[PDB]
$ cat work.pdb   # PDB, C-alpha atoms (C1' of nucleotides)
ATOM      1  CA  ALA A 622       0.000   0.000   0.000  1.00  0.00           C
ATOM      2  CA  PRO A 623       1.320   3.529  -0.895  1.00  0.00           C
ATOM      3  CA  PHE A 624       0.577   5.071   2.586  1.00  0.00           C
ATOM      4  CA  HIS A 625       0.412   2.875   5.708  1.00  0.00           C
ATOM      5  CA  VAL A 626      -1.698   3.921   8.758  1.00  0.00           C
ATOM      6  CA  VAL A 627      -4.814   6.177   8.886  1.00  0.00           C
ATOM      7  CA  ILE A 628      -6.026   7.971  12.103  1.00  0.00           C
ATOM      8  CA  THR A 629      -9.828   8.492  12.610  1.00  0.00           C
ATOM      9  CA  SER A 630     -12.676   9.034  15.146  1.00  0.00           C
ATOM     10  CA  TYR A 631     -16.115   7.467  15.711  1.00  0.00           C
ATOM     11  CA  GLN A 632     -18.253  10.494  14.635  1.00  0.00           C
ATOM     12  CA  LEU A 633     -16.513  10.501  11.205  1.00  0.00           C
ATOM     13  CA  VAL A 634     -16.293   6.699  10.707  1.00  0.00           C
ATOM     14  CA  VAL A 635     -20.087   6.125  11.155  1.00  0.00           C
ATOM     15  CA  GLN A 636     -20.715   8.512   8.176  1.00  0.00           C
ATOM     16  CA  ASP A 637     -17.547   7.843   6.090  1.00  0.00           C
ATOM     17  CA  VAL A 638     -17.568   3.954   6.087  1.00  0.00           C
ATOM     18  CA  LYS A 639     -18.596   3.980   2.358  1.00  0.00           C
ATOM     19  CA  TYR A 640     -15.260   5.693   1.514  1.00  0.00           C
ATOM     20  CA  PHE A 641     -13.124   3.680   3.997  1.00  0.00           C
ATOM     21  CA  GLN A 642     -14.363   0.331   2.513  1.00  0.00           C
ATOM     22  CA  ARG A 643     -12.616   1.396  -0.794  1.00  0.00           C
ATOM     23  CA  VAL A 644      -9.324   0.301   0.938  1.00  0.00           C
ATOM     24  CA  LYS A 645      -8.503  -2.973   2.784  1.00  0.00           C
ATOM     25  CA  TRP A 646      -6.595  -3.032   6.110  1.00  0.00           C
ATOM     26  CA  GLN A 647      -4.344  -5.744   7.612  1.00  0.00           C
ATOM     27  CA  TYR A 648      -4.990  -4.754  11.290  1.00  0.00           C
ATOM     28  CA  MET A 649      -7.583  -2.563  13.092  1.00  0.00           C
ATOM     29  CA  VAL A 650      -6.615  -0.459  16.156  1.00  0.00           C
ATOM     30  CA  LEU A 651      -9.630   0.746  18.148  1.00  0.00           C
ATOM     31  CA  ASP A 652      -8.874   3.188  20.980  1.00  0.00           C
ATOM     32  CA  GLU A 653     -11.108   3.772  24.019  1.00  0.00           C
ATOM     33  CA  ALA A 654     -13.221   0.908  22.638  1.00  0.00           C
ATOM     34  CA  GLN A 655     -15.833   1.403  25.434  1.00  0.00           C
ATOM     35  CA  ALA A 656     -17.250   3.934  22.880  1.00  0.00           C
ATOM     36  CA  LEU A 657     -18.781   0.740  21.266  1.00  0.00           C
ATOM     37  CA  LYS A 658     -20.514  -0.488  24.530  1.00  0.00           C
ATOM     38  CA  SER A 659     -24.054   0.070  23.077  1.00  0.00           C
ATOM     39  CA  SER A 660     -24.878  -2.607  20.426  1.00  0.00           C
ATOM     40  CA  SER A 661     -28.071  -0.577  19.715  1.00  0.00           C
ATOM     41  CA  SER A 662     -25.823   2.253  18.336  1.00  0.00           C
ATOM     42  CA  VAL A 663     -25.527   3.123  14.629  1.00  0.00           C
ATOM     43  CA  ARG A 664     -21.777   3.327  15.454  1.00  0.00           C
TER      44      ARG A 664
ATOM     45  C1'  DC B   1     -10.359  67.296 -46.149  1.00  0.00           C
ATOM     46  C1'  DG B   2      -5.731  64.464 -45.557  1.00  0.00           C
ATOM     47  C1'  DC B   3      -1.827  63.701 -43.422  1.00  0.00           C
ATOM     48  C1'  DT B   4       1.043  62.315 -37.979  1.00  0.00           C
ATOM     49  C1'  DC B   5       0.329  61.230 -33.889  1.00  0.00           C
ATOM     50  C1'  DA B   6      -1.306  59.031 -29.398  1.00  0.00           C
ATOM     51  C1'  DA B   7      -4.148  55.256 -28.244  1.00  0.00           C
ATOM     52  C1'  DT B   8      -7.474  51.033 -28.596  1.00  0.00           C
ATOM     53  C1'  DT B   9      -9.602  46.616 -30.686  1.00  0.00           C
ATOM     54  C1'  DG B  10      -8.145  42.782 -31.876  1.00  0.00           C
ATOM     55  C1'  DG B  11      -4.458  38.849 -32.327  1.00  0.00           C
ATOM     56  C1'  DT B  12      -1.134  34.828 -30.257  1.00  0.00           C
ATOM     57  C1'  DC B  13       0.590  32.578 -26.219  1.00  0.00           C
ATOM     58  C1'  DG B  14      -0.562  30.602 -21.414  1.00  0.00           C
ATOM     59  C1'  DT B  15      -2.399  27.853 -17.644  1.00  0.00           C
ATOM     60  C1'  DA B  16      -5.531  25.715 -14.784  1.00  0.00           C
ATOM     61  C1'  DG B  17     -10.145  26.036 -13.990  1.00  0.00           C
ATOM     62  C1'  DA B  18     -14.941  24.002 -15.025  1.00  0.00           C
ATOM     63  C1'  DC B  19     -16.806  21.059 -17.538  1.00  0.00           C
ATOM     64  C1'  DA B  20     -19.221  16.242 -19.074  1.00  0.00           C
ATOM     65  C1'  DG B  21     -18.051  11.024 -19.644  1.00  0.00           C
ATOM     66  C1'  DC B  22     -17.421   7.928 -16.829  1.00  0.00           C
ATOM     67  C1'  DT B  23     -18.161   4.552 -12.783  1.00  0.00           C
ATOM     68  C1'  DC B  24     -20.897   2.790 -10.532  1.00  0.00           C
ATOM     69  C1'  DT B  25     -24.548   3.013  -6.490  1.00  0.00           C
ATOM     70  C1'  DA B  26     -29.059   1.908  -4.672  1.00  0.00           C
ATOM     71  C1'  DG B  27     -33.659   4.800  -4.041  1.00  0.00           C
ATOM     72  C1'  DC B  28     -37.560   4.747  -5.825  1.00  0.00           C
ATOM     73  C1'  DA B  29     -41.813   5.984  -8.865  1.00  0.00           C
ATOM     74  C1'  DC B  30     -42.006   4.564 -13.445  1.00  0.00           C
ATOM     75  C1'  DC B  31     -44.127   0.802 -16.208  1.00  0.00           C
ATOM     76  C1'  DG B  32     -47.515  -3.696 -16.045  1.00  0.00           C
ATOM     77  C1'  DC B  33     -51.230  -5.675 -14.838  1.00  0.00           C
ATOM     78  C1'  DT B  34     -55.777  -6.461 -12.977  1.00  0.00           C
ATOM     79  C1'  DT B  35     -59.877  -4.130 -10.297  1.00  0.00           C
ATOM     80  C1'  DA B  36     -63.381  -1.352  -9.942  1.00  0.00           C
ATOM     81  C1'  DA B  37     -65.638   3.622  -9.789  1.00  0.00           C
ATOM     82  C1'  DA B  38     -68.608   6.768 -12.146  1.00  0.00           C
ATOM     83  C1'  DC B  39     -69.388   9.591 -15.507  1.00  0.00           C
ATOM     84  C1'  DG B  40     -67.991  10.974 -21.285  1.00  0.00           C
ATOM     85  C1'  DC B  41     -69.694  10.866 -25.293  1.00  0.00           C
ATOM     86  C1'  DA B  42     -73.801  10.478 -26.983  1.00  0.00           C
ATOM     87  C1'  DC B  43     -78.114  13.155 -28.220  1.00  0.00           C
ATOM     88  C1'  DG B  44     -82.811  13.591 -28.055  1.00  0.00           C
ATOM     89  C1'  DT B  45     -85.721  17.340 -27.414  1.00  0.00           C
ATOM     90  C1'  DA B  46     -87.255  22.058 -25.823  1.00  0.00           C
ATOM     91  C1'  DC B  47     -88.347  25.676 -29.241  1.00  0.00           C
ATOM     92  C1'  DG B  48     -84.802  30.929 -30.320  1.00  0.00           C
ATOM     93  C1'  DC B  49     -82.730  35.851 -30.406  1.00  0.00           C
ATOM     94  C1'  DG B  50     -79.394  36.119 -34.633  1.00  0.00           C
ATOM     95  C1'  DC B  51     -80.373  38.024 -39.109  1.00  0.00           C
ATOM     96  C1'  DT B  52     -83.796  39.292 -43.464  1.00  0.00           C
ATOM     97  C1'  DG B  53     -85.713  43.793 -45.704  1.00  0.00           C
ATOM     98  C1'  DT B  54     -89.309  48.195 -44.433  1.00  0.00           C
ATOM     99  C1'  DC B  55     -89.914  53.401 -43.113  1.00  0.00           C
ATOM    100  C1'  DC B  56     -87.453  58.053 -41.545  1.00  0.00           C
ATOM    101  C1'  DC B  57     -84.550  61.297 -40.061  1.00  0.00           C
ATOM    102  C1'  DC B  58     -79.407  61.602 -37.798  1.00  0.00           C
ATOM    103  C1'  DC B  59     -73.929  62.363 -38.259  1.00  0.00           C
ATOM    104  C1'  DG B  60     -70.192  62.881 -41.098  1.00  0.00           C
ATOM    105  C1'  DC B  61     -68.370  65.088 -44.329  1.00  0.00           C
ATOM    106  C1'  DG B  62     -66.610  68.455 -47.827  1.00  0.00           C
ATOM    107  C1'  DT B  63     -65.538  73.265 -48.187  1.00  0.00           C
ATOM    108  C1'  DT B  64     -63.595  77.662 -46.519  1.00  0.00           C
ATOM    109  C1'  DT B  65     -60.129  81.058 -44.709  1.00  0.00           C
ATOM    110  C1'  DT B  66     -58.351  82.619 -40.090  1.00  0.00           C
ATOM    111  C1'  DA B  67     -54.294  82.282 -37.119  1.00  0.00           C
ATOM    112  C1'  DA B  68     -51.698  78.877 -33.574  1.00  0.00           C
ATOM    113  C1'  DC B  69     -47.983  76.200 -34.089  1.00  0.00           C
ATOM    114  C1'  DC B  70     -44.002  72.968 -35.265  1.00  0.00           C
ATOM    115  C1'  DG B  71     -39.884  72.813 -37.956  1.00  0.00           C
ATOM    116  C1'  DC B  72     -36.262  75.594 -38.407  1.00  0.00           C
ATOM    117  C1'  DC B  73     -32.359  79.469 -38.165  1.00  0.00           C
ATOM    118  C1'  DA B  74     -28.586  81.065 -35.191  1.00  0.00           C
ATOM    119  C1'  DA B  75     -26.732  82.388 -30.994  1.00  0.00           C
ATOM    120  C1'  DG B  76     -26.518  82.135 -25.564  1.00  0.00           C
ATOM    121  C1'  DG B  77     -23.168  80.761 -21.164  1.00  0.00           C
ATOM    122  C1'  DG B  78     -23.235  76.805 -17.790  1.00  0.00           C
ATOM    123  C1'  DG B  79     -22.933  72.044 -16.815  1.00  0.00           C
ATOM    124  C1'  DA B  80     -21.307  66.948 -18.823  1.00  0.00           C
ATOM    125  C1'  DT B  81     -17.589  65.015 -20.715  1.00  0.00           C
ATOM    126  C1'  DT B  82     -12.238  63.843 -20.877  1.00  0.00           C
ATOM    127  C1'  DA B  83      -8.699  63.553 -18.321  1.00  0.00           C
ATOM    128  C1'  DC B  84      -5.464  64.193 -14.158  1.00  0.00           C
ATOM    129  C1'  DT B  85      -5.076  64.086  -9.278  1.00  0.00           C
ATOM    130  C1'  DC B  86      -5.233  61.348  -4.292  1.00  0.00           C
ATOM    131  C1'  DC B  87      -8.035  58.916  -0.717  1.00  0.00           C
ATOM    132  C1'  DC B  88     -10.706  55.159   0.793  1.00  0.00           C
ATOM    133  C1'  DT B  89     -13.340  50.773   0.921  1.00  0.00           C
ATOM    134  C1'  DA B  90     -14.419  46.334  -2.085  1.00  0.00           C
ATOM    135  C1'  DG B  91     -12.613  42.251  -2.224  1.00  0.00           C
ATOM    136  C1'  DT B  92      -9.463  38.580  -0.138  1.00  0.00           C
ATOM    137  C1'  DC B  93      -9.082  35.208   3.318  1.00  0.00           C
ATOM    138  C1'  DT B  94      -8.558  34.812   7.586  1.00  0.00           C
ATOM    139  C1'  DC B  95     -10.059  33.040  12.299  1.00  0.00           C
ATOM    140  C1'  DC B  96     -13.862  33.400  15.386  1.00  0.00           C
ATOM    141  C1'  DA B  97     -18.191  31.612  16.997  1.00  0.00           C
ATOM    142  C1'  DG B  98     -23.010  29.837  17.117  1.00  0.00           C
ATOM    143  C1'  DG B  99     -27.635  27.863  15.315  1.00  0.00           C
ATOM    144  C1'  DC B 100     -29.559  23.472  13.302  1.00  0.00           C
ATOM    145  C1'  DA B 101     -29.268  18.821  13.115  1.00  0.00           C
ATOM    146  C1'  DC B 102     -27.805  14.450  14.329  1.00  0.00           C
ATOM    147  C1'  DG B 103     -26.335  11.299  17.643  1.00  0.00           C
ATOM    148  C1'  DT B 104     -24.983   8.860  22.230  1.00  0.00           C
ATOM    149  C1'  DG B 105     -26.403   9.597  26.747  1.00  0.00           C
ATOM    150  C1'  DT B 106     -28.717   7.400  30.911  1.00  0.00           C
ATOM    151  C1'  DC B 107     -31.268   6.142  33.846  1.00  0.00           C
ATOM    152  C1'  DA B 108     -35.570   7.580  35.842  1.00  0.00           C
ATOM    153  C1'  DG B 109     -40.160   7.491  36.516  1.00  0.00           C
ATOM    154  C1'  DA B 110     -43.892   7.223  34.162  1.00  0.00           C
ATOM    155  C1'  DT B 111     -46.596   2.796  31.281  1.00  0.00           C
ATOM    156  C1'  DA B 112     -47.530  -1.256  30.170  1.00  0.00           C
ATOM    157  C1'  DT B 113     -45.639  -6.763  28.127  1.00  0.00           C
TER     158       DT B 113
END
$ encode --input "work.pdb" --output "structure tokens"
Amino acid sequence: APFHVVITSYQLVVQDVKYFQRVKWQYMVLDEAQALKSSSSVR
DNA sequence: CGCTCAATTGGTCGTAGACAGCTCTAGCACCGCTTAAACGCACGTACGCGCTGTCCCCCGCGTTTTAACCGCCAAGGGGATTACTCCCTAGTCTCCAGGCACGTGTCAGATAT
């Protein structure tokens, strides 16, 4: 891949997923993952 | 009375902006197909208030010759243009900052599975 690691936040990712899925990743890093505690969330 | 001169209108180079074919997505009302409502085209059937020539005087018109006026002649002097002089605010673009909308929040206290 031409550029390696991308830095993001949950408010962007829940809208931008359609763009991010245009590129594959080897590994996912998910920081303060308690942001995902609600399975009811759109996030 | 047709030149020389001081300036554009128009021509060639430039450079990146503003198109229009992708390159698909995926949301949706268009197209297909029966179902079903009710009135459109059909249409008698009542009988008419536009037009056809009598009788009689009204309005428009031609003619006439005054005399006001528009088209025109030239000049009058002050205010719009052509151009220089200088002062500011229109646009750039910036960061600040806040209303509308979306979303997680959460857990409470009002309602029901």
$ closest_residue --input "work.pdb" --among "A:648, A:631, A:626, A:654" --to "chain B" --atoms "all atoms listed in the file"
A:631
$ resolve_selection --input "work.pdb" --expression "the PyMOL selection byres ((chain B) within 12 of (chain A))" --output "ChimeraX atom specification"
/B:25,102-106
$ write_last_selection --input "work.pdb" --atoms "C-alpha atoms (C1' of nucleotides)" --output "tab-separated table (two decimals), keeping the file's coordinate frame"
chain	number	residue	atom	x	y	z
B	25	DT	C1'	-24.55	3.01	-6.49
B	102	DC	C1'	-27.80	14.45	14.33
B	103	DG	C1'	-26.34	11.30	17.64
B	104	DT	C1'	-24.98	8.86	22.23
B	105	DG	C1'	-26.40	9.60	26.75
B	106	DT	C1'	-28.72	7.40	30.91
$ atom_distance --input "work.pdb" --atom1 "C1' of residue 24 (chain B)" --atom2 "CA of residue 643 (chain A)"
12.9 Å
